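Reading through the structure tokens given below for one structure.
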Amino acid sequence: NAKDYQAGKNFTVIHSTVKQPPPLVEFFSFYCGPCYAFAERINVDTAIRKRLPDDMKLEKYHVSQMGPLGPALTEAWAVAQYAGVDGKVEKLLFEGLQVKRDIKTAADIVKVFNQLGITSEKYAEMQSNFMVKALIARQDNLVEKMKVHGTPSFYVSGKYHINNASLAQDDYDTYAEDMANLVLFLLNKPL
């Protein structure tokens, strides 16, 4: 029934210096095709969330060092979560970059928020917010400390990096389920 995921095959034991790493974090880029598929096609993200406990979420950290808009996007994601519209704006940023490729500038990212009822003035106000800035720095700092080198990249307890290609290849639904199973297998691992 329950698979015995193997170190080396399904995941690697990373070494971080981070004192309090997210229990579960997915490093991603709105420019990354597989990152989009994980959030909208394969639905690896919903699969994982559907199986997590109430006192724990899938944290998504945007990679600023990827592409021209990288930084503006890490900021937009931070504002997105502060405004709590991170659930709606996610698909619109992926589309704006990989479907319609109509997001070319920082001013174009703001236009997405406008369509949700967030004026350019409110967006500017949020860009300044102390919590927004703290989350932007957290995202950038962990990409460095965790030594991220690809997206989408999942890390459990800041010690186990999942090997995306190692999971069930039958179809995407099975793959997503296998990923959530592996994530759980890692969260339930001895301290």
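Residues are named by chain letter and number: chains run A, B, ... in the order of the structure tokens, numbers start at 1 in each chain, and ligands are numbered from 1 in the order shown.
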Hey, which bits of region 70-189 of chain A sit within 7 Å of region 26-32 of chain A, and for each residue what's the closest pair of atoms and how far apart in Å (one decimal), counting only C-alpha atoms, rows by chain and increasing number, as CSV?
```
residue,atom,partner,partner_atom,distance
A:93,CA,A:30,CA,6.6
A:94,CA,A:30,CA,5.3
A:97,CA,A:31,CA,6.3
A:98,CA,A:31,CA,6.7
A:151,CA,A:28,CA,4.9
A:152,CA,A:28,CA,4.7
A:153,CA,A:27,CA,4.9
A:154,CA,A:26,CA,4.3
A:155,CA,A:26,CA,6.5
```
Original post:
Using the chain letters and numbers from this document, which residues of region 30-151 of chain A does DSSP assign to strand (DSSP E or B), as a ChimeraX atom specification?
Top reply: /A:59-62
Quick one: contact table of region 9-127 of chain A to region 157-177 of chain A, 9 Å max, nearest atom pair and distance in Å to one decimal per residue, counting only C-alpha atoms, chain and number order, as JSON lines?
```
{"residue": "A:9", "atom": "CA", "partner": "A:166", "partner_atom": "CA", "distance": 6.3}
{"residue": "A:10", "atom": "CA", "partner": "A:163", "partner_atom": "CA", "distance": 5.1}
{"residue": "A:11", "atom": "CA", "partner": "A:162", "partner_atom": "CA", "distance": 4.3}
{"residue": "A:12", "atom": "CA", "partner": "A:161", "partner_atom": "CA", "distance": 5.3}
{"residue": "A:13", "atom": "CA", "partner": "A:160", "partner_atom": "CA", "distance": 4.8}
{"residue": "A:14", "atom": "CA", "partner": "A:159", "partner_atom": "CA", "distance": 4.8}
{"residue": "A:15", "atom": "CA", "partner": "A:159", "partner_atom": "CA", "distance": 5.9}
{"residue": "A:16", "atom": "CA", "partner": "A:158", "partner_atom": "CA", "distance": 6.6}
{"residue": "A:18", "atom": "CA", "partner": "A:158", "partner_atom": "CA", "distance": 7.8}
{"residue": "A:20", "atom": "CA", "partner": "A:158", "partner_atom": "CA", "distance": 8.4}
{"residue": "A:21", "atom": "CA", "partner": "A:158", "partner_atom": "CA", "distance": 5.3}
{"residue": "A:22", "atom": "CA", "partner": "A:157", "partner_atom": "CA", "distance": 6.5}
{"residue": "A:23", "atom": "CA", "partner": "A:157", "partner_atom": "CA", "distance": 4.6}
{"residue": "A:24", "atom": "CA", "partner": "A:157", "partner_atom": "CA", "distance": 6.4}
{"residue": "A:25", "atom": "CA", "partner": "A:158", "partner_atom": "CA", "distance": 8.3}
{"residue": "A:38", "atom": "CA", "partner": "A:176", "partner_atom": "CA", "distance": 8.4}
{"residue": "A:41", "atom": "CA", "partner": "A:172", "partner_atom": "CA", "distance": 8.3}
{"residue": "A:42", "atom": "CA", "partner": "A:172", "partner_atom": "CA", "distance": 5.4}
{"residue": "A:43", "atom": "CA", "partner": "A:176", "partner_atom": "CA", "distance": 6.5}
{"residue": "A:44", "atom": "CA", "partner": "A:176", "partner_atom": "CA", "distance": 4.6}
{"residue": "A:45", "atom": "CA", "partner": "A:176", "partner_atom": "CA", "distance": 8.1}
{"residue": "A:46", "atom": "CA", "partner": "A:176", "partner_atom": "CA", "distance": 8.7}
{"residue": "A:47", "atom": "CA", "partner": "A:176", "partner_atom": "CA", "distance": 6.0}
{"residue": "A:48", "atom": "CA", "partner": "A:177", "partner_atom": "CA", "distance": 7.7}
```
Subject >> Pairwise distance for CA of residue 117 (chain A) and CA of residue 40 (chain A), rounded to one decimal in Å >> reply: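 According to the coordinates, CA of residue 117 (chain A) and CA of residue 40 (chain A) are separated by 22.9 Å.
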Original post:
A:2, A:126, A:63, A:112: which is nearest residue 81 (chain A), counting only C-alpha atoms?
Top reply: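 Among the listed residues, the smallest separation from residue 81 (chain A) belongs to A:126.
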Original post:
Of the residues A:143, A:83, A:132, A:109, which is the one nearest to residue 95 (chain A), using only C-alpha atoms?
Top reply: A:109
**OP:** Write out as a PyMOL selection string all residues of region 79-181 of chain A that DSSP puts in alpha helix (DSSP H) for this structure's backbone.
**Re:** chain A and resi 79-82+86-94+106-114+120-128+130-145+172-181
Original post:
Near residue 49 (chain A), within 10 Å and counting only C-alpha atoms, which residues show up once chain neighbours fewer than 5 positions away are dropped, as a list in words?
Top reply: residues 44, 54, 56, 57, 58 and 180 of chain A
Original post:
CA of residue 178 (chain A) and CA of residue 190 (chain A) are how many Å apart?
Top reply: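 Those two atoms sit 20.5 Å apart.
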**OP:** May I ask which of the residues A:35, A:104, A:141, A:156 is the closest one to residue 182 (chain A), counting only C-alpha atoms?
**Re:** A:156
